[PDB]
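Data block below; observations after.
Basis for what follows: all heavy atoms, side chains included, without hydrogens, waters or symmetry-related copies. Numbers for residues simply follow the sequence, beginning at 1.
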Amino acid sequence: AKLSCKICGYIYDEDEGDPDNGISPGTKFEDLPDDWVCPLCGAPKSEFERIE
Ligand SMILES: [Fe+3]
């Protein structure tokens, strides 16, 4: 699944992960640490919303 950061143009795609910050491809959003934030703008998980 894919989730948009409400606050910038970033999209978290579970099939991409966030590898530059230590999150492997295939990591589900539910499994991101509670201290994970958007790699571009620092918004928390509460500021992401599922998109198609
Ligand atoms: Fe962002």
Main-chain N/O of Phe29 paired with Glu14 side-chain donor or acceptor, under 3.5 Å: yes

Check: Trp36 main-chain N/O paired with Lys45 side-chain donor or acceptor under 3.5 Å: no

Shortest non-hydrogen contact from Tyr10 toward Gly17: OH-O, 3.9 Å

Charged tip of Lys2 within 45° of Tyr12 ring normal and under 6.0 Å: no

Validation row: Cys38, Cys8 side chains within 4.5 angstrom (heavy atoms): yes

Close side-chain approach of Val37 to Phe48, heavy-atom, < 4.5 Å: no

Atom pair CG/CG of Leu40 and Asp18 - distance to nearest 0.5 Å: 9.0 Å

Minimum side-chain heavy-atom gap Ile23-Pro33 below 4.5 Å: yes

Atom pair CD (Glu47) and SG (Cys41), whose distance is rounded to the nearest 0.5 Å: 8.5 Å

CG/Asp31: more than 12 non-hydrogen atoms of other groups inside 6.0 Å: yes

Side chains of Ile51 and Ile11 in contact at under 4.5 Å (non-hydrogen atoms): yes

Joint hydrophobic cluster, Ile7 plus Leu3, side-chain heavy atoms closer than 4.5 Å: no

